[PDB]
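The structure appears right after this line, and notes come after that.
Excluded from the calculations below are hydrogen atoms, water molecules and symmetry mates; all remaining heavy atoms, backbone and side chain alike, are included. Numbered from 1 within each chain, the chains take letters A, B, ... in sequence-line order.
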Amino acid sequence: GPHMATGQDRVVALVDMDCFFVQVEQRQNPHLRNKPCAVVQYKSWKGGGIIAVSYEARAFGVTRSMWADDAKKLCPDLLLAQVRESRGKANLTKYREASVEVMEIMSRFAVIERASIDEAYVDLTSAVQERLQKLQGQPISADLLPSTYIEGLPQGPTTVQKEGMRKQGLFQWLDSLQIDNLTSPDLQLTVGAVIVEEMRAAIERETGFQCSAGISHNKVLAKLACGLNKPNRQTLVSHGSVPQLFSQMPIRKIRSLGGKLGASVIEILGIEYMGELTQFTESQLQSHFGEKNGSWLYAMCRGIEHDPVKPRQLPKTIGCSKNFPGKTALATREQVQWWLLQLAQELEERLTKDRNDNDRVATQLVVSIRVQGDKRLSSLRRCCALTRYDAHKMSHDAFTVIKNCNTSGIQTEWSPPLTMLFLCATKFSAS
DNA sequence: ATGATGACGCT
DNA sequence: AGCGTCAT
Ligand SMILES: Nc1ccn([C@H]2C[C@H](O)[C@@H](COP(=O)(O)NP(=O)(O)OP(=O)(O)O)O2)c(=O)n1
Ligand SMILES: [Mg+2]
Ligand SMILES: [Mg+2]
């Protein structure tokens, strides 16, 4: 009772951009706005691979990883924007620059953890404390929360349209809120949501991009919350909402459980939903999934997680990769060297920009290859020192550390053919 | 023949 | 170090 911690100590948000690469392209080209639209890479293979899809196009069943030629079968009027190509490969600079626009705005409000090119976690615990004091003790108006859903509401005795349902739940929540108690976790979450409304308003005003967000007590619930009412809405998931929410929540939807661990939780325990984990002891879970995973699952199915919002706005690595599928797998030494040089040249440009922008230098170069006949992301990784931002030196060094994989007795030929090259700059130091 | 990335755990 | 998982 009095000593059972409830994981309600923090206010955490996750802000995720809506159909992000599409919005970047729609801002640039007004002809694409409010249309079924997708972003594709490499136009020559079946129209290009789709990597982002507007919500209008999603309505036709267009999805990521679809070939554009196939997407056009579902959506004849689908509009497309192509990823830039430079040095023979996709170049994602435009989307990285747009990401920086958004991350810099979020950073005005609180220290963020950059979690992907289009999302960040926010620890709003301190900002909420400050706002509660500035608030005399006055009630929180629904007008301060114009795009907020309260997960689980409305409920109970006694509209058929979306916005009507959103307001009814919000009214139930606010009507029941105690504002007298500055330490109520529900009150803290509500103030957190007010601040996220302000943050999302700033992002849209200053960039033109819309986003969604989740507000909860930890990263996993905030991430889950964010997706519940996409696009262009934010969702508050209270501690109290967790038992019903998890009662029918497939295990694979919780971050980190979407892969083999999640599958084994399902198979080994014979369950389907996150809430069903509560039936097991902490020791039982640890026996099946290990000390760390066991403890994490035991707490997480109760809505509790302690993973901190890390103070990190910048990527820890900078890398360049290219696949060479099927018949195009690299089979000559000079092929391998030309492409390593292409990669190294992009990497040099990004590293030099990074060193000017962020006062740091990378010190290790990691070279990864995939071999024809494998299936793994990487077949092989080798590292060496990164001592100069020079593409010719980097590409020469990368060849040095991988050139012995070449089983071919003939020196001009490469065997077995390479289906992927990857260069990654790592181990940054202040500069 | 998704592809281009990026974080972090394990031994 | 180098490999494996999970992720957008
Ligand atoms: N497998 C993936 C997933 C995302 N991305 C890129 C394109 C996406 O626009 C961007 C952000 O990914 P995302 O947040 O998962 N989805 P996106 O923002 O496009 O749509 P939402 O569902 O978030 O509204 O990363 C990618 O290149 N490969
Ligand atoms: Mg997104
Ligand atoms: Mg995202």
Side-chain angles (χ1 to χ4, degrees), chain A residues 14-21 38-53 63-71 82-96 99 113-121 219-220 223 226-227 230 252-264 289-293 296 307 310 312 314-329 342-343 346-347 350 364-370 372 374-385 401-402 405 419-428:
Chain A
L14 179 277
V15 176
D16 183 282
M17 307 304 298
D18 300 332
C19 53
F20 184 44
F21 287 15
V39 174
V40 295
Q41 60 191 1
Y42 298 126
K43 203 77 191 79
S44 72
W45 192 258
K46 298 183 164 186
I50 288 173
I51 59 171
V53 187
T63 62
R64 160 200 304 131
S65 87
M66 197 165 272
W67 301 115
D69 285 350
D70 294 333
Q82 306 171 174
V83 179
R84 175 189 166 195
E85 282 172 59
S86 304
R87 291 188 250 261
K89 62 179 300 291
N91 186 290
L92 302 174
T93 300
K94 188 193 302 183
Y95 312 107
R96 291 189 188 105
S99 178
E113 177 182 338
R114 181 209 193 264
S116 76
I117 197 170
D118 90 319
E119 71 211 77
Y121 295 92
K219 286 164 54 176
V220 162
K223 176 61 174 173
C226 181
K230 270 192 174 273
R252 69 179 178 275
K253 307 286 176 175
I254 293 333
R255 171 226 89 190
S256 78
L257 301 189
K260 295 171 171 188
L261 172 61
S264 64
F289 313 111
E291 177 180 319
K292 172 185 167 67
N293 291 335
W296 183 87
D307 191 34
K310 300 169 172 173
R312 187 185 51 78
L314 300 178
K316 317 177 76 158
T317 57
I318 292 183
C320 291
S321 63
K322 187 163 178 51
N323 289 1
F324 301 97
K327 132 146 190 174
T328 69
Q342 299 319 287
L343 293 185
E346 174 175 343
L347 183 60
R350 285 165 64 189
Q364 182 181 68
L365 178 67
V366 175
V367 193
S368 184
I369 64 165
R370 192 180 312 124
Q372 193 146 244
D374 211 321
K375 219 50 157 185
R376 295 174 291 164
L377 204 41
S378 171
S379 288
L380 159 76
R381 263 164 282 193
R382 294 283 184 267
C383 70
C384 62
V401 307
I402 67 160
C405 302
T419 55
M420 177 278 291
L421 292 182
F422 172 53
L423 294 179
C424 183
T426 69
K427 290 188 187 294
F428 286 78

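One finds a side-chain N or O of A/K322 lying less than 4.0 angstrom from the OP1 or OP2 phosphate oxygen of B/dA4. Under 4.0 angstrom from either OP1 or OP2 of B/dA4 there lies at least one side-chain N or O belonging to A/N323. At least one side-chain nitrogen or oxygen of A/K310 sits closer than 4.0 Å to the OP1 or OP2 atom of B/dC8. The phosphate of B/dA4 (OP1 or OP2) has no side-chain N or O of A/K89 nearer than 4.0 angstrom. Checking the phosphate oxygens (OP1, OP2) of B/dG6, a side-chain nitrogen or oxygen of A/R350 falls inside 4.0 Å.
Atom CD in A/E85 sits roughly 10 Å away from atom P in B/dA4 (whole-Å rounding). Going from atom CD of A/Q372 over to atom P of B/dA1 covers 8 Å, rounded to whole Å. One can place CG of A/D118 at 15 Å from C1' of B/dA4, the figure rounded to the nearest angstrom. Between the P atom of B/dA7 and the NZ atom of A/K316 lies a distance of 7 Å, rounded to the nearest Å. Rounded to whole Å, atom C1' of B/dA4 lies 9 Å from atom CZ of A/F422. Between the CZ atom of A/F20 and the P atom of B/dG6 there is a distance of 14 Å, given to the nearest Å. To the nearest angstrom, P of B/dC8 lies 17 Å from CG of A/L377. For the pair A/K43 NZ and B/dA1 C1', the interatomic distance rounds to 15 Å; values are reported in whole Å.
Using a 4.0 Å heavy-atom criterion, one finds that A/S65 contacts the bases of the nucleic acid, with or without backbone contacts as well. Counting non-hydrogen atoms under 4.0 angstrom, A/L380 reaches the backbone sugars and phosphates but no base. Using a 4.0 Å heavy-atom criterion, one finds that A/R252 contacts no nucleic acid atom at all. Among the protein residues, A/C424 comes within range of no part of the nucleic acid, since none of its heavy atoms lies under 4.0 Å from any strand. Residue contacts for A/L261: at a heavy-atom cut-off of 4.0 Å it reaches the sugar-phosphate backbone alone, with no base atom in range.
Within the 3.5 Å criterion, the main-chain N or O of A/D16 finds no donor-acceptor partner in the side chain of A/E119. A donor-acceptor pair under 3.5 Å is absent between the side-chain atoms of A/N323 and the main chain of A/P325, judged by distance alone. When atom types are taken as modelled, the side chain of A/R96 and the backbone of A/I117 share no donor-acceptor pair closer than 3.5 angstrom. Judged purely by atom type and a 3.5 angstrom limit, A/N293 uses its side chain to pair as donor or acceptor with the backbone of A/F289. The backbone N or O of A/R255 lies less than 3.5 Å from no partner atom in the side chain of A/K219, so there is not a single donor-acceptor pair. Judged by distance alone, the side chain of A/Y42 and the main-chain N or O of A/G49 form no donor-acceptor pair under 3.5 Å.
The aromatic rings of A/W45 and A/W67 lie perpendicular to each other, with more than 60° between the two planes, well past the 30° mark.
Looking at A/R370 and A/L377, their side chains come closer than 4.5 Å, going by heavy atoms from C-beta outward.
Think of the region where chain A sits on DNA chain C: with heavy atoms and a 4.0 Å cut, that region ends 5' and 3' at C/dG2 to C/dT8.
When the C1' atom is used for both C/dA7 and B/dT2, the distance is 16 Å, rounded to whole Å.
Nearest heavy atom pair, residue A/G319 against residue A/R350, reads O-NH1, 2.8 Å.
Residue order along DNA chain B, read from the 5' end via each residue's closest nucleotide, puts A/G326 first among A/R96 and A/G326. For the pair A/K223 and A/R376, both in contact range of DNA chain C, the more 5′-proximal nearest nucleotide belongs to A/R376. When each of A/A90 and A/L314 is assigned the nucleotide of DNA chain B with its nearest heavy atom, A/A90 is the one assigned upstream, toward the 5' end.
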Checking A/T419 against A/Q372 for the side chain to side chain donor-acceptor pair (under 3.5 Å) test, could you report, in this order, the C-alpha distance in whole Å, the side-chain angles of both residues, the deciding distance, and whether it holds? CA-CA 6 Å; A/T419 55; A/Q372 193 146 244; over 6 Å; no
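Residue A/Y42 and nucleotide B/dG3 are not classified as a stacked aromatic pair, given the requirement of ring centres less than 5.5 Å apart at an interplanar angle below 30°.
Residue A/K427 qualifies as open at atom NZ: its count of foreign heavy atoms under 6.0 Å is 12 or below.
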Per-residue pairing states of DNA chain B in dot-bracket (Watson-Crick or G-U under 3.5 Å; . unpaired, | other strand) read ...||||||||
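Nearest to the side-chain atoms of A/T328 among the listed nucleotides B/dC10, B/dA1, B/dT2 stands B/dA1.
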